[PDB]
Amino acid sequence: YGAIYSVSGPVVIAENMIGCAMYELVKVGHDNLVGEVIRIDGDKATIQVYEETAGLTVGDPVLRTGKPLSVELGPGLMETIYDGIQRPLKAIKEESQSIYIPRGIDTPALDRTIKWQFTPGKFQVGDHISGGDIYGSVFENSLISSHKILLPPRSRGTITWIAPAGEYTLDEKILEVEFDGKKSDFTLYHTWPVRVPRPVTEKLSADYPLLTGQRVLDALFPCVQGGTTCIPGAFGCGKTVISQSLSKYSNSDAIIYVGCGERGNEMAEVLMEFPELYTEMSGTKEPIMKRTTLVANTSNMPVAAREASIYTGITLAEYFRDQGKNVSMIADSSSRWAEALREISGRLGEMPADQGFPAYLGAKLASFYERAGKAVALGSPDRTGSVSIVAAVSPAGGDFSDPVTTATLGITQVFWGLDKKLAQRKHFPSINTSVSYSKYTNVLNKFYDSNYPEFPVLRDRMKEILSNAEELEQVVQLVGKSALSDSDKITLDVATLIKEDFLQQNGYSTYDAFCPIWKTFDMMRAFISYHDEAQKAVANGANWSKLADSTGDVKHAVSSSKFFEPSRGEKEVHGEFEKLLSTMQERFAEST
Amino acid sequence: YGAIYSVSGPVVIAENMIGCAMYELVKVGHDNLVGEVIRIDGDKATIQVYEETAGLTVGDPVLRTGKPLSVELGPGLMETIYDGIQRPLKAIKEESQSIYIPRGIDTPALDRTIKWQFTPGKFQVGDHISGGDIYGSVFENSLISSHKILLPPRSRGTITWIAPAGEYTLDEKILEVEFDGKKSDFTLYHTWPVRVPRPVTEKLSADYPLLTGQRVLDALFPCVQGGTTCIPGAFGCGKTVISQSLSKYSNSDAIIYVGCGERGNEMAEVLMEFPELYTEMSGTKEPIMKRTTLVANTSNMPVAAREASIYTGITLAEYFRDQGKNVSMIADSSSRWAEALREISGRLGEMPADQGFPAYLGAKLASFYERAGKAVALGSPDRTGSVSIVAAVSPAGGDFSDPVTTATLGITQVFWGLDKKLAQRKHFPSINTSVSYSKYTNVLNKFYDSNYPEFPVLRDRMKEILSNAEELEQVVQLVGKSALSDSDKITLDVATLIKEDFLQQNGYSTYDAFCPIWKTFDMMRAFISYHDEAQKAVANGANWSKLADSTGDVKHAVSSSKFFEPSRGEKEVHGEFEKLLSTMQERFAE
Amino acid sequence: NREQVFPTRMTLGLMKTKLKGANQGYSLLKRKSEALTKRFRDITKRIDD
Amino acid sequence: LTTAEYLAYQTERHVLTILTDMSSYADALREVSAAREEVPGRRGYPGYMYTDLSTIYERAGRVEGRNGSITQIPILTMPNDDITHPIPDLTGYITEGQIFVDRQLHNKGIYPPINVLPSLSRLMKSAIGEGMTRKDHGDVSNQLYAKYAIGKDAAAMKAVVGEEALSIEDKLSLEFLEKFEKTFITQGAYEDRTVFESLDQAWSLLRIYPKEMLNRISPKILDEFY
Amino acid sequence: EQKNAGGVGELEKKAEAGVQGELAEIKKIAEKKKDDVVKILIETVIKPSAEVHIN
Ligand SMILES: Nc1ncnc2c1ncn2[C@@H]1O[C@H](COP(=O)(O)OP(=O)(O)OP(=O)(O)O)[C@@H](O)[C@H]1O
Ligand SMILES: Nc1ncnc2c1ncn2[C@@H]1O[C@H](COP(=O)(O)OP(=O)(O)O)[C@@H](O)[C@H]1O
Ligand SMILES: [Mg+2]
Ligand SMILES: [Mg+2]
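Residue numbers (our numbering), protein chains in the order written: chain W, 248 to 839; chain H, 49 to 638; chain R, 469 to 517; chain C, 311 to 536; chain A, 9 to 63.
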């Protein structure tokens, strides 16, 4: 037990703490505020407390827990909301009877009263169990069934006794492992330091796509299950809506939605809407909320806790990855994590580096983004999981030259840039098709050739059409459109149609809330066939103005193809699309 | 005998050292690493070590040498390679027998084993000798046929004994000066601090030009023997190529090629290329390395050596000026000297002033550049020397707003600004004609009236043509070149021809490596005559399109004038241009 | 609504030169348009006659 | 690099050192420099970052007596695609050239997207002479550089002023840019163009122009190869 | 092509036997010079130097 020596903002230099470790978790103040040691200058030890510093007196005791900031992995995480340091907000509200979060609440990170059905695994007494091996599973909810119980990493030995099938709480003993003559008792849960990535046997090259549900993201700039993703853009661009839509309609088994610096109203919207929505996975209609946990650390919450929120979320994602699930972390603002880092650095006194962001910001972002990736789990039985980190960067001033944005672009593989010009005029997703890139298009050729062989060719054709139209619009905006060729006019019209109908997706409309991969492929086929038919008809000799006058009906049918509800199914929607191409081909031959 | 109290990198802080003086060389460490005391904070004394501080412990002895940074001026340095201090790289390689530089090696700056032929001067025993006077003439090389053994400045007296003509080494005493009672002894060589300018009787106004060989420089932006020039530009742009062009082909009788903050392969290329080339300055053609000294300090050597190499080169050039030789020192990466200064200031903790550079950057650059200029060396017999300082500056990012670029621009008299746009298009020498200037044209009017009377008028005419064509090209870019005047089109075509065949020369091609003053004057006259003929013929009434169609042959001849080989001599080349003027005049009649 | 130029002193000077040239071209082309408009009005009157 | 030095010199091998993310190395230096509270340079980078980068880079080259060599190709990623950043600036000032990868060319779809204009090789002058390669290497390289610069200027002129205002030379240079970027630079992986084949293709590019327009080509080479 | 490809990857016994001679040579060299190397290591460990720091 030390003492507080200096309190300046979210940092507390506590004296009389010889023996404190780096990033060692402490309890600053009489209310036992959660803090982590940053510097140790002699007996002094600077601490970044993860709570409100108002009211800390010089001389308050500071306890040394002895262990780093440790998330509490285990059953019960899946349908919950956390405060950044893994404090269940429901439990805080129920215990406090107040709409506020009291300073120093020490509620357990996981509900201890709830009894979980336990089904022992293939292991038994005498089997040599290794770190990360599955010695049982628990039924968490209807959607995430068999929440496999993993032996903690770096814990190894022979199984002395295993709990039989039944109902158990988290505090109850579940397993006893003997290592070098010392027995170790294991429960349903286990702690893990958030700073250190959870070990895996061997990471793998991600190849299965992450079906976002947005047309442009799923087609033009695809993302794989197990790859970092960056979403820069100013306020109102659509990063939060893109993230929420990805969490709602992704093919991932679980979601780790992390909000650092995001509004509390976004968290309220997610909590209100996710249970209403349902998924077709697992052979039944179950609420989305049953497979997504939220790490809520809003902007008015303590500054230092944003880093803890990021690390807690990524460690939960790593846990559900080691369970063999396809998880996708969604950090709401890596930029806000970096701004928290800048505030802590400025209060500490380190050198500002660039823009004031600390010099270690790039390394921290690189490590956090390297936590993600498809990997084989650590222990037997063999199972493969993946963590896809899709983090929305928030540049200052709406310019992609911010240090956070530059580091994120350097480290991530997929860059979904957002332009505020399209953020206005209600052109969501406001994806800037010129600067955005995806480096998984090469690896995704296997999946595309397996399922939709014409998908890469159609995507390339649409990309080159968009580039040609960008050049044409650039030249026209200064030199008018009185000298364009018929082919140029066709390109401009078809790309305007693509922007107005295909690329733009109203995520809050029933028809365009979720455009699946097959619908997106069919609509790309429709638009590309329209462009090709127009080009061929005009090259045959037909004037473009007369052709447009005659084929306005076909153009309207193509542009209204987004209204086809995917709820009808793949067979029904594809049946209408096949008739759309056949009618369009006929209406381009009769007109010509 | 002090002791290191702190190291913290290249700047050790030795304690228990009283009586220290600023810029005094101490011997840091057990390996006797040399240094230079740069802050004396009481007993402690911050020292910038010229070698790699790695292993120096707290408690190692530091001893004060009792002398500032001094070079070993004398015979024996006309083909050697020196480090940032003055350490013979060839001798180091031949002694340590290693491809690296041994840490703390102590090799004499001059070879004491070579026996130098000595011939005493007019001074005899009993005469009153003054500092800077000549009392011998050592035959060093074929090019340097008489290395005058100057009496050290600030050392005078009555000659008590002089050695007779014979073969002497660099350690055998040659002269005994009575002085004020204390009979000193003077050998062939003599040391001199590098940060103290060598004395001169009186500096003069440099008149004769330094023929760079490059047409752009030697025609539009001339330099004089004794002038200070700068060649600022981003990486590339041909700063090093221009430097080596003035190193190989120049009117200077000696040269010190300083390479502070330069790649080792640059010095390797100099060492591999210079022995091949020959000049006829002496009676017969002799290799370049017989008149070239390399103060080569690669970029990975300590920043203190980068700081020291500039001063070592400039004081060697001052010595060869004091001998009466027209020297043209070529400093490389003066911006890297400034970067070494900035790093040293940062390690010290002094507050940077402009873009991170130290506040005294301008003062240091002025002190270094002011060492130039034609001057009469003190002492008898009288003889005139010159130190042209052709220093290359490499501003960060290619912007001429850098503090080092601004200070050098304010201090120097000539500025051969280089453009990245012209460099990337391989339009070398890539001289930015709009910004480049020379303040020595007013002085050089006399030499031009003596040798080539029409040169100043032609240079002014070409500058006016280039400026008018730049304005016309801006207007063309603005207004689409709609209905351009015939004279305007003539000026545009002539200036494009000038830029593509007179301001563009491959310094590595055999024909255009060196364009002499006479050849560049003839080419200037040919271009101006072509422009005047076109102007007059169109003013008579001829259409410019038809005139160009008819005179394409003359235009191609003027273009091939750049391909004319200067190796044929003045008589052949001048006659060839006489035909070109005759052909150009013939087209005027048609 | 801004050129994609990396912020630098050289870039700033280049853009100031570009702005001066753009203003000069604007003035020159407006004056040329005025002259050609006078010539076009004269040509229209001559065409009617 | 000390492993490379050992192999190349003490073993007489021909090492091809490939450093990647030298920008990340410089970021590590900045992290260490910031922690030490030393006086910073541009963008917070240490004032001695030039010396550290020079120490790393200058460990490559051939040595007398030894029959081995080190050929460094440090993969430097400019942070904001700006060559004026301290890391690329000091790297280009220390090293013997640079290969410039262009975001604009990558957007155009050219691989390798090597923007030849900012790229430079200071040893090209001595390594591309007669005997080592064909006698036309230097002239062809200079002519291609000049015509590509003219092409970029003509593209800017076409973008700003009307296309009809472009001269015949401007149109030819636009065509040269199109075929240079879309046929000469575009190579694809595993292509393996020999130097002589690349020179022949470059000549095919230069045969668009009449022999009169090719200023950078010397007359002898122009007569021999055109 | 598939049939030829399968045979290439099965070839590992030849590679294993090729190194088998190297292991025998290493074991022979060790068995030969163990006495000398261990004895000189023992001499080095047993015989220290009472050397004070130079500074
Ligand atoms: N895909 C979409 N479909 C329909 N409307 C959208 C879509 N994306 C965004 N919008 C609209 O634009 C608004 C943008 O808000 P959003 O939460 O996406 O902002 P943001 O860029 O994440 O901002 P912040 O940086 O402040 O968190 C939404 O509230 C919604 O009204
Ligand atoms: N006058 C010139 N003639 C021919 N090539 C030149 C000339 N000037 C520069 N170059 C070319 O520029 C390249 C690099 O120029 P250099 O002088 O090394 O740049 P820096 O000044 O940055 O060292 C060289 O490979 C050289 O071929
Ligand atoms: Mg948001
Ligand atoms: Mg250089």
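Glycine included, each C-beta is placed from N, C-alpha and C at the ideal position.
Residues whose Cβ lies closer than 5 angstroms to any heavy atom of ligand 2, in chain order: H/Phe-283, H/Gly-284, H/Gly-286, H/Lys-287, H/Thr-288, H/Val-289, H/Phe-476, H/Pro-477, H/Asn-554, H/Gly-555, H/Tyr-556, C/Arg-432, C/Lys-435
Hey, would you say the C-beta of H/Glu-314 is under 7 angstroms away from at least one heavy atom of ligand 4? yes
Cβ of W/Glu-509 versus every heavy atom of ligand 5: is any distance shorter than 7 angstroms? Absent from the structure shown: ligand 5. Ligands present: ligand 1, ligand 2, ligand 3 and ligand 4.
In whole angstroms, what separates the C-alpha of H/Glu-99 from that of H/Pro-400? 25 angstroms
Is the CB of C/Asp-392 under 8 angstroms away from at least one CB in chain R? yes
Quick check: the segment 587–601 of chain W against the segment 563–575 of chain W, are there 3 or more CB pairs under 8 angstroms? no
Cβ-based burial, A/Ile-34 [other Cβ within 10 Å; buried from 16]: exposed
Quick one: using the 10 Å Cβ neighbour count with 16 as the cut-off for buried, is W/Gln-295 buried or exposed? buried
At least one CB of chain H closer than 8 angstroms to the CB of R/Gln-472: is that the case? no
So, do the segment 185–194 of chain H and the segment 106–115 of chain H have three or more beta carbon pairs nearer to each other than 8 angstroms? no
How about W/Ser-641: is its Cβ closer than 7 angstroms to a heavy atom in ligand 1? yes
Whole angstroms is fine: what's the gap from W/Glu-701's alpha carbon to C/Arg-413's? 27 angstroms
Between the segment 463–478 of chain H and chain C, which residues of the former have CB atoms less than 7 angstroms from a CB of the latter, in chain order? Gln-472, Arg-473, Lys-474
In whole angstroms, what separates the C-alpha of residue 540 of chain C from that of W/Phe-774? A question about residue 540 of chain C goes unanswered here, because the residues of chain C that appear run from 311 up to 536.
Can the beta-carbon of H/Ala-353 be found less than 8 angstroms from the beta-carbon of H/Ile-133? yes
Check whether the Cβ atoms of H/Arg-246 and H/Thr-432 lie closer than 8 angstroms to each other. no
Can you list the residues of chain H that R/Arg-499 reaches, using a CB-CB cut of under 7 angstroms? Neighbours of R/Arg-499 on chain H: none; closest Cβ ~10 angstroms, over 7 angstroms.
Please state whether DSSP places W/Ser-499 in a helix, a strand or coil. coil
Sequence-distant residues of its chain with Cβ nearer than 7 angstroms to W/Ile-391 (five each side left out): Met-325, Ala-501, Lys-537, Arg-538
Listing by chain order, which chain H residues have their CB less than 9 angstroms from the CB of A/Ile-62? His-78, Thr-105, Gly-107, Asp-108
Less than 7 angstroms separating the Cβ of W/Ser-580 from some heavy atom of ligand 3? yes
Using the rule of at least 16 other Cβ atoms within 10 Å of the residue's Cβ for burial, across every protein chain shown, is W/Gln-461 buried or exposed? buried
State the Cα-Cα distance for the pair W/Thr-434 and W/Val-424, rounded to the nearest angstrom. 11 angstroms
Just verifying my parser: in three-state terms, what is the DSSP assignment at H/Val-110? strand
H/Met-320 versus C/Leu-509: straight-line alpha-carbon distance, rounded: 28 angstroms
With a threshold of 8 angstroms between beta-carbons, can R/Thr-476 be considered close to chain C, or not? yes
Less than 7 angstroms between the CB of W/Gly-645 and some heavy atom of ligand 1, yes or no? no
Other residues of its chain near W/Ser-582: CB distance less than 7 angstroms, five sequence neighbours each side excluded: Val-640, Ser-641, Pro-642, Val-651
W/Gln-602, DSSP secondary structure in three states: coil
Would you check if the distance between the CB atom of W/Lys-766 and the CB atom of W/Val-820 is smaller than 8 angstroms? yes
Scan the segment 368–454 of chain W and note each continuous alpha helix (DSSP H) run of 4 residues or more that stays entirely inside, going in chain order. none
Closer than 8 angstroms by beta-carbon distance: list the chain R residues that pair up with H/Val-527, in chain order. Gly-493, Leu-496, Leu-497, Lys-500
Terminal residues of the continuous alpha helix (DSSP H) containing W/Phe-774? 764–787
Going along chain W in order, which residues have a C-beta closer than 9 angstroms to the C-beta of C/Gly-351? Correct list: empty, because the minimum Cβ distance to chain W is about 11 angstroms.
According to DSSP, which residues form a beta bridge with C/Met-388? The partner list for C/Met-388 (beta bridge, DSSP) is empty, contrary to what the question assumes.
Would you call the segment 283–299 of chain H and the segment 471–484 of chain H in contact, with 3 or more CB pairs under 8 angstroms? yes
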